[PDB]
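Chemist: Residue numbers (PDB author numbering), protein chains in the order written: chain E, 1 to 233; chain F, 1 to 244; chain B, 1 to 244; chain D, 1 to 242; chain G, 1 to 243; chain L, 1 to 111; chain A, 1 to 250; chain M, 1 to 224; chain C, 1 to 241. The beta-carbon is built from N, C-alpha and C at its ideal position, and this holds for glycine as well.
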Amino acid sequence: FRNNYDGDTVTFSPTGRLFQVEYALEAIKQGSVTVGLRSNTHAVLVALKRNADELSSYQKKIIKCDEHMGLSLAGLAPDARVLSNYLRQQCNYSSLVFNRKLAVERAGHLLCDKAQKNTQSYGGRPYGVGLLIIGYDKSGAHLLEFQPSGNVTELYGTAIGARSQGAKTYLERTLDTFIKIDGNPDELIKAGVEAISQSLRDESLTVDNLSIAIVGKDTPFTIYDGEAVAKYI
Amino acid sequence: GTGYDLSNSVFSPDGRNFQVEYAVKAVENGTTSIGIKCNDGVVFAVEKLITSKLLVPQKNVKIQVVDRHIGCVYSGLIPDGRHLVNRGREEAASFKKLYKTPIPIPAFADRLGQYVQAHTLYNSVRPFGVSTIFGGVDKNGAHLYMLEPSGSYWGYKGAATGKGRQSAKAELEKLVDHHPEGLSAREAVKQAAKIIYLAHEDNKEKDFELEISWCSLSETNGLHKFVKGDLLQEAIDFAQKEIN
Amino acid sequence: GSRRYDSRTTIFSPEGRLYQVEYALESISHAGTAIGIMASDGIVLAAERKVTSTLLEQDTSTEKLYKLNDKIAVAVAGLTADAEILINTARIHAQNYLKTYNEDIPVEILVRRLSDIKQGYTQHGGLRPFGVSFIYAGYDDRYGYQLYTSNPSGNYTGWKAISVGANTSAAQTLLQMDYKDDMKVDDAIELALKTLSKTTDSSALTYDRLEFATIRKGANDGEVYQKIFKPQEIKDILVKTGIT
Amino acid sequence: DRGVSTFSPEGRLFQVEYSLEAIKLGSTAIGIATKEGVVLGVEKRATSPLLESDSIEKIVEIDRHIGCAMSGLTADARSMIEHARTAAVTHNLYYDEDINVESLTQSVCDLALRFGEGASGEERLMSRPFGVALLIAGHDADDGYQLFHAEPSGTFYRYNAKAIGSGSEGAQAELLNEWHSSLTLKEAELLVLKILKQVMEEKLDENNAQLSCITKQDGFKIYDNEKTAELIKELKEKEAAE
Amino acid sequence: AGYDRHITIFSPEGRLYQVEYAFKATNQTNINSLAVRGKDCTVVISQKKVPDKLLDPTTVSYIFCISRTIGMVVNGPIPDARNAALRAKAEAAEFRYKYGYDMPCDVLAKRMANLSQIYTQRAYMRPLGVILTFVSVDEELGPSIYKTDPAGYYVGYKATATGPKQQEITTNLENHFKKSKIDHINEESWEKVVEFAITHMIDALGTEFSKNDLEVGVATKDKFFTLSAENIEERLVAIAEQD
Amino acid sequence: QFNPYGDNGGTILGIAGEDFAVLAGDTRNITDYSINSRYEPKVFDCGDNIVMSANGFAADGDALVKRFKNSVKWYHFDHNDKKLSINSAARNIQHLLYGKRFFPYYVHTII
Amino acid sequence: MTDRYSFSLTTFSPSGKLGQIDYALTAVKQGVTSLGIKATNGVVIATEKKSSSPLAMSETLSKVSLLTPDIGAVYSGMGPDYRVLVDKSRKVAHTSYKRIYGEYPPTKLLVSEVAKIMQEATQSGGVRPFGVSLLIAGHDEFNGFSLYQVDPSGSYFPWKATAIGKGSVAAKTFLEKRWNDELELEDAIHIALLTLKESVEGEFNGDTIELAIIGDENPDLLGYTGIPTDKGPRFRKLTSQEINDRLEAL
Amino acid sequence: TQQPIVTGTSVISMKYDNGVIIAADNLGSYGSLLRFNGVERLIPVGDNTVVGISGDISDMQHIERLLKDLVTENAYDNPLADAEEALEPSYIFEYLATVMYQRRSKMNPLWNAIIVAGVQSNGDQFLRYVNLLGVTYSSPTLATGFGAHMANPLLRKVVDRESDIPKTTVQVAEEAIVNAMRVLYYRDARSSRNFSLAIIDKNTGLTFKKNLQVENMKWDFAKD
Amino acid sequence: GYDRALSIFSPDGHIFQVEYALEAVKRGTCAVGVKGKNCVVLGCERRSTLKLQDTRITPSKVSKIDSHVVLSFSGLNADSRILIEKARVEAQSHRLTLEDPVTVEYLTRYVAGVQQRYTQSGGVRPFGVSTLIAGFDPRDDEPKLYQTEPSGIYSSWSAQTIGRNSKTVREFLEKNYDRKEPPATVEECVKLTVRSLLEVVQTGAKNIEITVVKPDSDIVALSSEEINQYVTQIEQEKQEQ
Ligand SMILES: [Cl-]
Ligand SMILES: [Mg+2]
């Protein structure tokens with residue numbers, strides 16, 4: 001069965017599946033967990049960074065796309081660089097041409113259509129990364145989830161990577177609480193740390209291990225690393 | 001021998017293209033969507049599965065508009081459907097640029113039809129993993145279509161595709177028989193909510209969110225619009241009443 | 001996609017051989033034998049017509065000996081159609097040299113160019129090699145009378161006497177046993193026919209199965225003559241050398 | 001067959017994982033970062049004694065403040081150095097300043113995944129991944145002395161110390177215990193020379209191993225054989241000392 | 001060694017299985033068609049089957065108006081049919097523009113046949129799974145039927161039939177042209193040539209026809225057009241007042 | 001024939017103190033003998049503590065300022081939020097301008 | 001999309017056979033018999049019209065084709081492949097010759113350009129060879145009357161007479177008996193009709209036989225008068241009647 | 001490089017306490033021939049923006065289609081197309097300003113002067129000019145062609161600086177625009193009595209007035 | 001058009017096309033270079049499968065790139081021609097732009113960079129060739145000798161051999177070449193080259209060709225008699241024991 005229909009992305013299986021895409025989806029789960037959640041006033045990214053040795057640095061998980069939008073990654077970083085690059089240029093074009101901040105909904109639609117082109121043409125390969133895109137636009141706080149299948153979804157909260165089901169279930173339970181943390185960035189981040197720590201097992205999140213990013217009403221997208229995330233451990 | 005199903009443009013010994021047949025499996029696996037042709041327009045409805053309480057209500061819109069007068073809904077691989085609507089939009093713009101008039105639905109139908117068929121001519125592409133239900137109002141009345149991964153399309157009185165297609169087709173067939181004079185746009189909207197609720201028993205384990213749109217000459221001035229607020233609620237209640 | 005149906009004509013074997021070049025050389029080994037012999041005062045080209053008939057017009061016929069210039073010629077062994085593609089580019093290379101320099105092309109420069117084209121088909125492009133082996137017989141004022149050989153690999157070499165196609169092993173032994181450096185053209189004519197007469201898989205060696213060419217100077221001219229033998233002349237020489 | 005940018009069912013690219021195997025078959029290379037500079041060391045590994053060792057160039061200058069060591073298919077590195085050099089000089093032509101070490105590394109890694117048979121993205125014409133890993137050592141004003149590991153997977157890590165090639169898993173475990181944040185440059189030199197000595201099949205002298213460093217003051221310098229000789233002598237004396 | 005059955009390359013028997021399998025696609029629709037020539041007209045009858053009640057009958061047709069003068073009936077799946085139709089229309093419009101006269105029936109046929117022959121020799125293109133029957137009243141040749149297949153073959157017909165029950169219809173017509181000794185229906189009005197076509201389709205298939213079971217096309221000097229349900233019902237009423 | 005250049009007048013002035021700098025400019029935009037605006041800003045904060053004016057043809061000046069502000073944004077993205085030193089901004093603008101050597105931006109620019 | 005078949009589909013096998021050329025020649029063998037006979041003052045080319053249905057009009061399919069006013073072609077094998085070869089043969093006679101020298105190419109040179117087109121189908125990316133063998137008959141001022149055979153390989157050979165397709169082995173034997181260098185064009189037509197009779201199962205009349213000659217100039221087929229140097233085409237397709245007259249003396 | 005053929009004269013405009021007024025005559029001139037008389041040179045886009053175009057009318061009609069194409073495109077996958085994510089005057093302007101500058105830079109201009117007049121979503125007045133060179137400027141008063149020379153001087157006696165805008169009512173502004181249209185008919189040799197006028201108020205929305213005429217003209221003094 | 005990846009990684013981390021290209025070199029006739037104190041000498045064996053050759057015209061194994069640099073090789077003869085041409089063109093281009101002949105290292109680096117490119121470019125197979133490149137830098141007297149292999153790796157050798165039975169003749173040179181004391185004369189450097197081939201060639205008067213390169217573009221090819229004399233003297237060394 002599977003072996004015959006997984007050679008390339010241009011081939012359907014007899015059950016109507018795209019195996020090269022389902023293998024790309026597997027690159028995400030093998031990746032280090034990350035979490036997004038929002039209120040009406042702010043959206044947060046919390047990510048667990050992963051080091052090779054105790055001599056190596058922890059690989060950066062959060063990328064800024066514009067002053068009002070950015071994303072966390074899980075899977076191949078070199079693909080996350082390609083898509084975040086593309087998204088930076090869409091945010092850029094909107095500004096220079098229409099003097100208009102790109103809508104977070106429209107960022108989703110553009111990523112989706114770029115992902116899709118790799119999964120219907122011979123010689124291409126699907127992207128091997130998942131992204132949690134957060135922004136504040138003219139219709140407030142937004143959190144997107146991107147799969148390399150092309151599927152983009154708008155959620156109040158979610159997590160992707162290894163053991164990501166722990167944080168996702170916690171959020172699913174906390175929903176009524178964190179959706180109402182409006183005009184308090186500190187308490188939203190604390191709620192997102194508690195979420196990610198539901199996906200721990202190995203270790204306990206430390207100062208040079210935890211990465212957090214926030215965007216909101218009067219907060220441009222900014223990344224907190226090291227000593228800056230001390231007060232949240 | 002065999003291997004007739006590994007390469008897209010290839011004919012089996014019985015004259016079939018297995019790669020197109022396998023794309024149909026991706027569609028059948030999809031969510032249930034329907035079109036209903038009323039006496040001056042068309043109604044589109046679609047089942048949206050709620051994975052979790054985390055999906056924002058109303059916010060992940062599936063029904064897409066082409067030009068200002070055409071509606072499209074699809075079942076199967078959603079990004080494939082999007083790729084086709086982008087082609088739809090380029091095609092309608094191209095036509096309007098040259099001929100001034102907005103594209104007639106039959107003209108627009110064949111434009112999609114020829115593109116999708118092009119994607120069964122070569123082993124270097126994959127067939128579309130969607131069945132598309134689309135139409136609207138032109139110079140000489142309302143038109144409903146459905147378009148398979150093979151490129152096959154026809155006009156329909158009603159159409160349905162994906163998970164719940166047998167429940168829907170059954171319910172559509174009854175309407176065609178019980179209303180020979182025609183259905184109104186107000187009625188067709190209610191009737192469309194009902195057919196999506198009844199066809200959601202093939203998926204009854206997960207909760208769901210109803211989405212409806214319409215193009216009526218009298219009710220929306222021959223323009224595609226979404227059903228919202230009171231008229232959406234009236235239609236939800238009409239189905240929640242009749243499911244019991 | 002297409003990958004499935006690619007023979008990959010330009011790869012190495014584990015032994016570091018070129019499959020397609022090896023199999024093309026195999027093809028050529030079945031082809032009518034061709035012999036080149038260089039003397040002090042000229043060159044001889046003889047070739048065995050593979051397959052004939054009472055009805056094949058031999059006066060209008062040319063399948064092995066081709067003029068590239070007024071000083072250069074080739075004996076072919078292998079696919080004729082392949083040879084004619086290479087022959088035509090070589091005829092043009094010679095005319096480009098003459099236009100650029102106002103001198104007739106040196107024989108090695110023409111040979112190297114053809115050989116480099118064949119090499120190309122070996123290393124990129126993914127097309128089958130030219131199933132052809134050439135004997136070149138030329139004259140220029142640098143190296144005088146020259147004899148070269150080229151094969152599907154793009155490899156060329158120079159000879160005093162050589163054979164290509166069928167029975168080269170047998171032919172090369174016989175040439176090497178009765179060839180002396182101070183030979184005259186008339187002696188090379190006789191040697192060339194004897195060698196063919198002994199390697200032939202056919203009953204006898206008649207005029208209607210041979211192509212014959214010579215490149216002799218004149219003491220009463222000082223210029224070089226290419227004489228492609230007409231059927232009657234091949235019949236005459238065939239008696240004179242004692243094969244009737 | 002099967003495509004060159006195909007995914008395994010585990011979620012890994014075939015051609016990148018096989019490449020990582022080629023890099024284990026390579027000569028050893030060790031980098032050690034300190035607050036007094038970064039040190040780069042390599043096994044020369046001559047295949048015969050008739051080979052003129054000092055024609056083995058596995059440590060190269062990128063700019064005055066950036067050098068790199070290689071391990072794997074070293075011919076694959078030539079076009080990666082030519083791109084780094086061009087990047088660093090081009091950066092200086094446009095901004096009248098030295099390129100950051102991290103940006104130079106990012107630039108080299110952006111090449112690594114440009115392989116395919118016509119992959120729906122840009123114009124990645126290059127049949128296969130590179131078969132070589134790079135250590136990239138440098139200094140800049142912003143983040144100081146830095147060592148980076150640059151793989152054919154397009155990811156780069158920052159290491160306090162790192163070993164790549166045949167002796168790697170062994171040598172890394174040695175660097176794990178030995179490295180501390182207050183190492184001097186002289187300590188770093190001996191520590192490289194020592195770990196090479198352990199993992200090399202040959203006996204280490206000034207002809208089958210090469211040292212280099214990069215310091216803010218003098219920039220990137222390959223040590224000639226006479227200076228490395230006197231650090232080998234110095235190593236031997238300290239190891240006999242207990 | 002088994003891939004000579006997947007692309008248009010020769011088998012060891014000198015055969016192109018992809019072409020042979022493309023001909024098999026032609027019958028997938030289970031529709032029979034026949035063309036006949038009048039004194040100054042040409043008529044194409046095709047079966048019309050509408051299984052689904054949710055279908056719009058009006059939008060279900062395998063007859064296409066290529067140009068003012070040329071009509072085309074297709075035996076094969078509708079997607080390939082519509083591909084062939086659009087190309088034939090495009091070609092028809094470009095011929096007029098470049099050469100200043102209406103593309104003739106037989107020349108259009110040759111051009112679509114040359115296009116089919118190319119899919120028969122180039123590997124990246126599959127043949128179309130359709131048989132194209134072209135009809136006009138040519139201003140030079142007169143009433144004309146020209147048919148092309150996935151092999152790139154084409155020829156002129158006195159009359160012709162296509163579909164699963166091709167042979168029943170063919171031998172019916174064959175017998176009529178042995179009896180009449182001529183090579184056209186000797187009839188002045190197209191109305192009585194359409195009645196001839198429908199009559200012989202009933203006797204060859206052994207089936208009756210309602211007004212929605214048939215689809216009719218007529219070529220006259222300077223116009224090709226299709227009949228409505230209502231134009232056919234008139235036609236069914238006349239054959240009924242004779243049997 | 002179509003003239004791609006025009007002249008919007010105005011004047012700008014840059015003076016350097018020991019621990020500060022100023023860049024000044026009138027707010028008047030003109031065409032021939034007509035006034036277009038009495039308040040059209042011409043001196044811009046580009047971020048990284050660099051101010052810029054490109055006086056002359058407004059359309060060529062607004063283009064250059066736009067391309068430079070964007071050059072600052074992409075420097076931050078490409079070089080880990082590094083600050084663009086004035087000497088570096090200058091060299092970057094030399095390349096922006098020389099880019100159109102054979103269809104120049106009709107501006108005199110100060111930073 | 002985009003032809004990604006940039007590689008040969010005809011490669012050498014370990015034996016040194018080119019599978020697709022061998023298989024194409026098999027397709028030629030299955031095809032209907034055609035032949036050609038050279039006389040002192042003309043050439044004749046002949047084939048059977050094998051109608052695919054008695055409802056088809058065999059006049060609307062030519063197996064014999066005019067390439068230039070002095071050159072004609074016939075085939076055995078796949079008819080569609082012949083049709084597009086005739087299109088390309090007519091056009092190369094203009095682009096490569098007439099639009100340069102202002103005369104029609106001689107027979108041997110037009111044959112060469114067809115051979116070249118067929119050779120390319122044997123080596124180019126993403127094509128199969130042509131499944132036909134052509135017989136090309138022609139006159140030119142400096143070479144006189146000639147008859148050539150062209151095989152899927154792109155190899156061509158000059159013939160006093162020959163046959164191709166189904167019964168070609170038998171037919172070649174019957175021509176080797178009857179042929180001489182002193183045949184008049186009438187005697188060659190006669191022999192062609194006899195030879196083709198051994199190949200035809202059913203009806204053998206001028207409605208089932210397609211025959212043409214390269215003969216004298218036909219000034220009545222030129223379509224204008226006044227210019228003496230122009231004497232009109234040497235190619236003439238014989239009528240259904242002209243065949244039937246010579247079958248009553250068979 | 002082109003030369004304009006059918007042309008439209010002055011576009012005039014100013015701001016007031018609660019929005020903006022724009023006006024332009026209904027004439028397409030063909031050199032010295034006053035050829036076409038029904039021509040609308042005010043393009044409404046959504047219900048918060050008008051675009052007034054002078055110069056070549058073939059180029060105007062093309063710019064009119066670019067704006068309908070922009071409206072269609074913005075509604076695509078945009079469930080807030082009639083709310084928070086509707087087109088703003090500033091979005092429409094910047095789009096035109098970009099196209100204009102690109103076309104001059106390819107030596108193939110759109111031979112026009114354009115004035116975008118609207119109210120932004122936040123209640124702010126928008127008024128900005130762009131022309132075939134890609135030159136752009138704001139002012140409390142803006143006019144094209146002749147309007148520059150004669151309308152600005154009259155309209156500036158009502159709003160000379162920004163501080164004057166909240167002191168100016170709709171009635172006062174509207175009268176000023178109507179009088180400027182008369183003065184232009186007196187003195188511009190390529191102008192028409194008939195004109196369209198648009199008000200965009202941040203309360204009453206968009207008011208578009210067609211088939212207006214210059215009234216209360218003084219010709220009586222001519223007889224002496 | 002044709003961009004198929006022919007050189008790819010196998011699971012154990014090898015590039016089979018590159019590996020197999022070396023096997024073509026192993027099959028090729030032997031080539032050897034030894035560098036003297038003040039010269040470099042290039043030796044190559046000639047086959048004997050067929051022998052009826054014209055030695056006037058047959059392309060010789062040692063090629064001049066510039067007046068001061070030579071290239072010999074082992075592998076596919078036809079592949080050799082493509083490398084030699086590219087190098088000769090790079091030689092004239094270098095002189096045109098830098099106003100100075102190539103160094104031997106530069107010319108080598110260029111040839112090795114080309115050989116490498118053919119190992120990661122779509123649609124091509126690697127060169128089935130290894131090269132010795134020998135000469136004198138401009139206005140330098142210190143001899144240079146370099147080796148390239150299909151992978152694209154290069155390095156400099158006191159002495160080296162490549163091609164069939166190169167294992168044997170390397171083993172000879174490893175225990176007959178003193179780095180302390182390089183062959184001080186042209187004569188004794190040539191003799192050490194012939195001696196090395198005689199291990200593999202098996203009685204070859206006409207089956208050995210020698211080229212001597214000296215400083216300042218002084219290059220010459222020995223004749224059959226000049227080499228035959230060297231063979232004679234080396235066989236008397238043996239028999240005098
Ligand atoms: Cl055609
Ligand atoms: Mg094909």
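1) What distance in whole Å lies between the Cβ atoms of A:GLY138 and A:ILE71, which are believed to be in contact at a cut-off of 8 Å?
2) Could you tell me the alpha carbon to alpha carbon distance between E:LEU144 and E:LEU102, rounded to whole angstroms?
3) When you compare each of D:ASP218, D:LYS194 and D:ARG12 to D:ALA240 by their alpha carbons, which one comes out closest?
4) Is the CB-CB distance between M:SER139 and M:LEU42 below 8 Å?
5) Does the separation of the CB atoms of residue 236 of chain M and M:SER54 fall below 8 Å?
6) For ligand 1, list every residue whose C-beta falls under 6 Å from any of its heavy atoms, going in chain order.
7) Indicate whether at least one CB of chain M lies closer than 8 Å to the CB of L:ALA63.
8) Helix, strand or coil: how does DSSP classify L:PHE2 here?
9) Under 7 Å: does the beta carbon of D:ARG45 sit that close to some heavy atom of ligand 2?
10) Beta carbon of G:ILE118: closer than 7 Å to some heavy atom of ligand 2?
Modeler: Inspection of the coordinates gives the following:
1) As a working note, residue 71 of chain A is residue 71 in the seventh sequence. As a working note, residue 138 of chain A is residue 138 in the seventh sequence. Your pair A:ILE71 and A:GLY138 checks out as a contact, with CB atoms roughly 4 Å apart and the cut at 8 Å.
2) Position 144 of the first sequence, counted from the start, is the residue given in the question as residue 144 of chain E. Position 102 of the first sequence, counted from the start, is the residue given in the question as residue 102 of chain E. For the pair E:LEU144 and E:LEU102, the Cα-to-Cα distance works out to about 14 Å.
3) Position 240 of the fourth sequence, counted from the start, is the residue given in the question as residue 240 of chain D. Closest option to D:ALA240, Cα to Cα, is D:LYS194.
4) Counted from its first residue, the eighth sequence places residue 139 of chain M at position 139. Counted from its first residue, the eighth sequence places residue 42 of chain M at position 42. Contact flag unset, no.
5) Not covered by the structure: residue 236 of chain M. The range shown for chain M is 1 to 224.
6) Counting every residue whose Cβ lies closer than 6 Å to a heavy atom of ligand 1, we get G:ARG111 and G:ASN114.
7) Here residue 63 of chain L refers to the residue found at position 63 when the sixth sequence is read from its first residue. Closer than 8 Å to some Cβ of chain M, the Cβ of L:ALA63 qualifies, so yes.
8) For the purposes of this step, residue 2 of chain L is identified with residue 2 of the sixth sequence, where counting begins at 1. It is coil, neither helix nor strand.
9) Working through the fourth sequence from its first residue, we reach residue 45 of chain D at position 45. For D:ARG45, the CB stays at least 7 Å from every heavy atom of ligand 2.
10) Counted from its first residue, the fifth sequence places residue 118 of chain G at position 118. Outside the cutoff, so no.
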